[PDB]
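Here is what each chain is made of, one letter per residue.
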Protein chains: 2
Amino acid sequence: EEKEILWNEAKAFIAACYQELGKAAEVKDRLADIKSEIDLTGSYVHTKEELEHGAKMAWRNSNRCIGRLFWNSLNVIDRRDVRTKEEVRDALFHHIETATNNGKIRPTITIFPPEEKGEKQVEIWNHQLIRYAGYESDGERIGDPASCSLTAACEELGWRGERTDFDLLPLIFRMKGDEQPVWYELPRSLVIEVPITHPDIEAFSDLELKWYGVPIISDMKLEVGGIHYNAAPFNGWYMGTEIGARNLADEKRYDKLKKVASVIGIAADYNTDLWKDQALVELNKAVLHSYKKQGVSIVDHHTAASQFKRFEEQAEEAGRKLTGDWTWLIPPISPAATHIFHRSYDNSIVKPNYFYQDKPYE
Amino acid sequence: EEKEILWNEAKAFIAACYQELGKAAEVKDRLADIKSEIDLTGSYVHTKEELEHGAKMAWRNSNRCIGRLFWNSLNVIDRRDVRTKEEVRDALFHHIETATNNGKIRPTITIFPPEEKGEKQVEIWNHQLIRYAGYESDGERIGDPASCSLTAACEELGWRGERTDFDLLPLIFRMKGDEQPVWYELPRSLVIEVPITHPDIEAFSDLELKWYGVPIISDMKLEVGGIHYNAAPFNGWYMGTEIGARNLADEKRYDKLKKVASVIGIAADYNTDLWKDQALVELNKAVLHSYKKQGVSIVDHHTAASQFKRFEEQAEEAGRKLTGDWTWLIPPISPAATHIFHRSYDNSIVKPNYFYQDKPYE
Ligand code: HEM
Ligand code: HEM
Ligand SMILES: Cc1cc(N)nc(COc2cccc(CNCCc3cccc(F)c3)c2)c1
Ligand SMILES: Cc1cc(N)nc(COc2cccc(CNCCc3cccc(F)c3)c2)c1
Ligand SMILES: C[C@H](O)[C@H](O)[C@H]1CNc2nc(N)[nH]c(=O)c2N1
Ligand SMILES: C[C@H](O)[C@H](O)[C@H]1CNc2nc(N)[nH]c(=O)c2N1
Ligand SMILES: [Cl-]
Ligand SMILES: [Cl-]
């Protein structure tokens, strides 16, 4: 059953990939080679072209992503050659550097060796390569609550955070054959952060908020033609609402709205005053302003939705079915102000794609 | 097949209704009576108790409604006795008066005779009993675009609007056996309207916005135990966002955001300024303020969501399955600030319920 799943996935992917690349005459021979390789070895190896296009198709098929217009410009880094933890560490450091690009963010993915017998070669524990730690002991909350379990796992392994609200978690990953993951502190020179100030309200800086420049999702599995790349971190630039309406605003995250209301000088006493809504807007304006002032790429939800509309038009013009998850595509503030809110999307899963996988901690 | 559908629906409804009312011992005999009545007449007649509870269950089962906490206090008016267009007109006038209740809105439904052979006895053309007309000719847009087709149908029948942005449509409905509907102008003394002013910004009144007090949905079908009450208008009070984020804000409705931005003194030039979001918040604050000042019931989306959470808790505590449509339950502004956004809902259809039906115009 294993090889049959692999072979069927391979046939579907190679045919579609080669058609899109205008190389459909080469399909027959390539499938033969692959078929022999699966018979002999129990698997097959993607060409660099297949791997690059596969990762791009996977992005294009990500139902929950509003940023898909730019799928074809994804920068794909092939690191299937790595064998050592130093090599993995340095590849992750490099990804941060090249993706960051002095603030002019380049959407990038680094692809590590795939699973063999469902046996991972490299297992990345971080949710994002750059993220803040979280602590909760004896009623006291510090940092990012979403990071509490990973922070506790790291501290079990001999790491210790300074217990600020913005401790950078170390990189943490496990090599095949090793029992424990290793961890490495992020060099601060690699990590761009943005202090959050407001264009009009000077007191906003009193909140001492900041966020990191580049979201680099590092715990999802890239599946391409039946091959499981469980370790394949990828990044774009942020949409402002992710930081302002979710990370800094959620009650189970940094929960800053009452403090925002206070610095912008409005009461936070009555639901009918819509003080949470007003606070959300000002916090979200501050996030966009601050990133722009620092020269770090960011997109607002209105521009992003206009871009996604173009993606929809491009999909139809190319004869491709569009898939999407309405519940994730709508922004968390003013969704009815975007065209997304006013149409529906087929939530079918198409491969190649990025998938969730179980956390090795927890 | 007709009677079998009816009988099966009847059995399910009577059993559940009588259980909820603690009258389960009476089920057996009532089903017998009903079964004979279906055999003889091709249908059956609800008791007043069944009709009242049925309409309440239908509300409770309305997946898209955030206001369901109060399902059990629905005021049910039984007008299955009406036979004349004057009787229907006067019943509709009465519904407006008693639901409005001098501003202290009472959730109310008036139930007209049900369909016979799928033959409607009364067919209400209005979408809501109180709504504004819409016009579009030669590039010029006036009033509510959502009302354009019904407005044109009314004008075909000898009605003429003044062509303000807020012309009240007449009541328009058709009686069984009549070829054309009749229309009646709404007495202005019945219709409460609220001018929209802002608590802090005096210039907001320059927009000359207003809205009507009571949303009275009049084009849906109530289905109870296999009986189709195609004419059964119902009302609650508004949630502020329905007026501020949708009716006055949508580009295909009144489209007021640029004008709002101008009166609140912000530029409407750059997406990164989030001027639409800021305008939405101020417009929504103005709507809540204005209704409250006039003494007309209204609820904000935060309070409404807190109420819905109680509905969820009440459902589980009563052993009832909860159903809901996440895509309609989330408010159109600051949805992630409500608990609704952060959970999922089973969208199964349970009866009794309210359903869409085809428009007799268009
Ligand atoms: C270029 C800038 C990009 C922007 C502005 C963007 C925007 C977003 C946003 C707002 C989400 C919603 C996730 C959340 O609510 O937390 C999302 C989800 C997602 N994006 Fe993108 N994205 C970008 C680039 C990328 C790239 C380069 C990839 C992969 C190659 C990607 C794959 C995804 C995936 C897989 C998800 C959903 C993950 C999940 O199920 O949790 N995106 N994107
Ligand atoms: C008491 C105050 C009430 C509030 C605040 C309320 C709130 C809402 C809201 C915000 C919606 C969303 C509809 C839209 O986006 O246009 C809705 C939908 C709905 N409500 Fe309620 N509601 C109330 C009372 C009622 C009553 C009394 C009934 C019936 C007996 C009812 C039945 C429904 C139905 C059937 C829908 C969905 C209709 C459709 O599919 O378009 N509601 N409600
Ligand atoms: C590449 C990229 C760019 C950009 N601007 N934004 C993103 C956000 O994408 C992701 C990817 C993975 C996860 C998330 C955060 N959502 C939480 C997902 C989740 C699912 C199930 C259980 C959970 F606890 C959490 C967001 C990704
Ligand atoms: C009773 C009540 C109270 C309250 N505050 N709000 C409501 C709103 O409920 C409804 C009921 C019916 C229709 C709508 C408006 N949504 C449009 C529905 C729709 C569906 C399909 C096609 C359309 F053009 C329009 C809203 C109802
Ligand atoms: C296509 C999409 O489902 C549509 O715009 C829905 C979205 N959710 C909604 N939610 C509410 N409350 N009211 C609406 O009219 C809509 N419209
Ligand atoms: C339960 C619900 O689906 C959940 O809160 C979703 C809603 N939509 C979302 N949309 C985005 N973009 N990101 C999220 O994390 C979520 N969370
Ligand atoms: Cl994030
Ligand atoms: Cl309305």
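Residues numbered from 1 in each chain as written, not as in the entry; some residues may be left out. Chains lettered and ligands numbered in written order. Heavy atoms only, no water.

Its PDB record attributes the structure to X-ray crystallography, giving the resolution as 1.900 Å.

**Student:** How do you make sense of the overall build of chain A when you look at a structure like this?
**Tutor:** Along the backbone of chain A there are 10 helices and 16 strands. Relative to the 2.2 N^0.38 estimate, which gives 21 Å for 362 residues, the radius of gyration of chain A is 22 Å and therefore close to what a compact globule would have. In terms of principal-axis extent, the alpha carbons of chain A reach across some 70 × 50 × 35 Å. Relative to its 362 residues, chain A shows a buried fraction of 53%. In chain A, the proportion of contacts linking residues at least 24 apart, taken out of those at least 6 apart, comes to 67%. Accessible surface computed for chain A: about 16,600 Å², of which carbon and sulfur atoms make up 47%. Placing the 46 positive and 59 negative side-chain charges of chain A at their respective mean positions leaves the two points 3 Å apart. (Helix = DSSP H or I, 4+ residues; strand = E, 2+ residues; numbered from the N terminus. Rg over C-alpha atoms; globule rule 2.2 N^0.38 Å. Buried < 20%, exposed > 50% of the residue type's maximum accessible area, 1.4 Å probe, protein only. Contact = heavy atoms within 4.5 Å. Areas by Shrake-Rupley, 256 points an atom, 1.4 Å probe, with all protein chains shown as cover. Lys, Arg positive; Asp, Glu negative; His and termini not counted. Charge placed at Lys NZ, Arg CZ, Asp CG, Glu CD.)

**Student:** Would you mind going over the site of ligand 2 with me for this structure?
**Tutor:** Residues and elements named next belong to chain B. Around ligand 2 lies a shell of 17 residues, among which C65, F234, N235, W237 and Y356 are the nearest. Take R64: an N or O atom from its side chain is 3.3 Å from an oxygen atom of ligand 2. Separating an oxygen atom of ligand 2 from a side-chain N or O atom of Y356 is a distance of 2.6 Å. Looking at the shell around ligand 2, its residues break down into 12 nonpolar, 3 polar and 2 charged. (Near = heavy atom within 4 Å. Polar contact = N/O pair within 3.5 Å; in protein donor to acceptor, adjacent residues only side chain to side chain. Nonpolar A, V, L, I, M, F, W, Y, C, P; charged D, E, K, R; others polar.)

**Student:** Would you explain the sheet that holds strand β3 (residues 122–124) of chain B in this entry?
**Tutor:** Two modes of strand pairing occur in sheets, parallel and antiparallel, and in both the strands are linked by backbone hydrogen bonds. All names here are of chain B. Reading across the sheet, the 3 strands line up as β3-β6-β7 and stay open at both edges, with antiparallel pairing between neighbours. What marks the edges here is a single partner per strand, and that holds for β3 and β7 (182–184). Ignoring which end each strand starts from, the neighbouring axes of this sheet average 30 degrees apart. Two elements, strand β6 (residues 171–175) and β7, share 3 bridges in a ladder whose sense is antiparallel. Of the residues in β7, the one forming a bridge with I172 is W183. In the packing of helix α4 (residues 85–100) onto the sheet, the strands contacted are β3, β6 and β7, and the crossing angle to β6 comes to about 145 degrees. (Pairing = 2+ DSSP bridges. Axes fitted to C-alpha atoms, helices over the stretch in contact; angles between N-to-C directions.)

**Student:** When you look at the environment of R174 of chain A in this model, what are you seeing that I'm missing?
**Tutor:** Residues and elements named next belong to chain A. Mapping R174 onto the fold places it in strand β6 (residues 171–175). By relative accessible area, which is 18% here, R174 ends up buried. On a C-alpha basis, the gap between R174 and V281 in space is 41 Å, while along the polypeptide they are 107 residues apart.

**Student:** Even after reading the chapter, I still don't get the nonpolar core, so can you show me in this structure?
**Tutor:** A general trend in soluble globular proteins is that nonpolar side chains are found buried together. Ranked by internal contacts, the top residues of the largest apolar core, which has 93 residues, are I109, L222 and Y354 of chain A together with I109, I111, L222 and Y354 of chain B. Once residues lying within four places of it in the same chain are set aside, the contact partners of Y354 of chain A are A55, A58, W59, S62, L74, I109, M220, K221, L222 and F234 of chain A. (Core = buried A, V, L, I, M, F, W, Y, C linked by side-chain atoms within 4.5 Å.)

**Student:** What am I meant to see in the sheet that holds strand β12 (residues 227–229) of chain B here?
**Tutor:** All names here are of chain B. Across the sheet, 3 strands lie side by side as β12-β11-β16; this open sheet has antiparallel pairing. Unpaired on one side and paired on the other, β12 and β16 (353–355) mark the two borders of the sheet. Taken pair by pair, the neighbouring strands of this sheet meet at an average axis angle of 30 degrees, ignoring direction.

**Student:** Explain the relation of the copies chain B and chain A to me, please; I cannot follow it from the model alone.
**Tutor:** Two copies of a chain can be linked by a rotation about an axis combined with a shift along that same axis. Each copy superposes on the other: chain B lies on chain A with an RMSD of 0.0 Å after a rotation of 180 degrees and an axial shift of 0.0 Å. Taken together, the rotation angle and the small translation identify this as a two-fold axis. Of every C-alpha in chain B, the one belonging to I333 of chain B sits nearest the axis of rotation, 2.9 Å from it. A share of 100% of interface residues in chain B that are also interface residues in chain A marks the association as one of identical surfaces. (Least-squares fit on C-alpha atoms.)

**Student:** I'm lost on the packing of helix α6 (residues 240–247) of chain A against helix α8 (residues 275–294) of chain A in this one. Help?
**Tutor:** Angle between the axes and distance between the axes are the two parameters that describe a pair of packed helices. All names here are of chain A. At a minimum axis distance of 9 Å, the contact between α6 and α8 shows a crossing angle of 140 degrees. Classed by the angle they form, the pair α6 and α8 counts as oblique. Here α6 and α8 pass one another in a crossing that is right-handed. Contact with α6, carried on its side by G240, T241, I243, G244 and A245, involves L280, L283, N284, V287, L288 and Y291 of α8 and no other residues of that element. (Parallel < 35°, antiparallel > 145°, perpendicular 65-115°, else oblique. Left-handed = near helix turned anticlockwise from the far one by under 90°.)

**Student:** Got a minute to help me understand the environment of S62 of chain A in this structure?
**Tutor:** Residues and elements named next belong to chain A. Looking at where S62 falls in the secondary structure, it is placed in the loop between α3 (48–60) and β1 (75–78). Residue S62 is classed as buried on the basis of its relative accessible area of 13%. For the pair formed by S62 and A24, sequence separation is 38 residues and the distance between their alpha carbons is 25 Å. With sequence-adjacent residues up to four places away left out, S62 is seen in contact with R68, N353 and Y354. A distance of 2.9 Å separates the side chain of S62 from the backbone oxygen of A58, its partner in a polar contact.

**Student:** Please clarify how the interface of chain B and chain A should be interpreted in this entry.
**Tutor:** Interfaces are often described in size by the accessible area the parts lose on coming together. Counting from both sides, the interface comprises 30 residues of chain B and, opposite them, 30 residues of chain A. In total, about 2,600 Å² of surface goes out of reach between chain B and chain A, with carbon and sulfur atoms giving 64% of it. The interface formed by chain B and chain A holds 10 residue pairs in polar contact in total. Elements represented by at least two residues in the side of chain B that touches chain A include exactly α8 (275–294), α9 (301–317) and α10 (326–329) of chain B. (Buried area = accessible area lost by both parts, 1.4 Å probe.)

**Student:** Help me understand the site of ligand 1 in this model?
**Tutor:** All names here are of chain A. Close to ligand 1 lie 17 residues; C65, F234, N235, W237 and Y356 are nearest. Between an oxygen atom of ligand 1 and a side-chain N or O atom of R64, the distance comes to 3.3 Å. Tallied by class, the residues present in the shell around ligand 1 amount to 12 nonpolar, 3 polar and 2 charged. Composition of the shell around ligand 1 by domain shows at least three residues from each of domain 1 (1–80 + 107–117 + 221–235 + 305–329) and domain 3 (193–215 + 238–303). (Domains from an automatic or database assignment.)

**Student:** Just checking my understanding: could you explain the domain arrangement of chain A for this structure?
**Tutor:** Residue and element names in this part refer to chain A. Taken as a whole, chain A is organised into domain 1 (1–80 + 107–117 + 221–235 + 305–329), domain 2 (81–106 + 121–192 + 356–360) and domain 3 (193–215 + 238–303). Once you take the C-alpha centre of each, domain 1 and domain 3 turn out to be 36 Å apart. Interface area for domain 1 against domain 3, summed over the two sides, is near 430 Å², with a carbon-plus-sulfur share of 49%. Broken down residue by residue, the surface that domain 1 buries against domain 3 is led by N235, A305 and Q307, which jointly contribute 65%. At the boundary of domain 1 with domain 3, the tally comes to 0 salt bridges. Seen at the junction of domain 1 and domain 3, the total is 6 residue pairs in polar contact. Elements with a minimum of two residues in the side of domain 1 that touches domain 3: β13 (234–235) and α9 (301–317). Looking at which element gives the most residues to the side of domain 1 that touches domain 3, the answer is α9, with 3 residues. When grouped by side-chain class, the residues that make up the side of domain 1 that touches domain 3 number 3 nonpolar, 3 polar and no charged. (Salt bridge = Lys/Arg side-chain N within 4 Å of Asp/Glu carboxyl O.)

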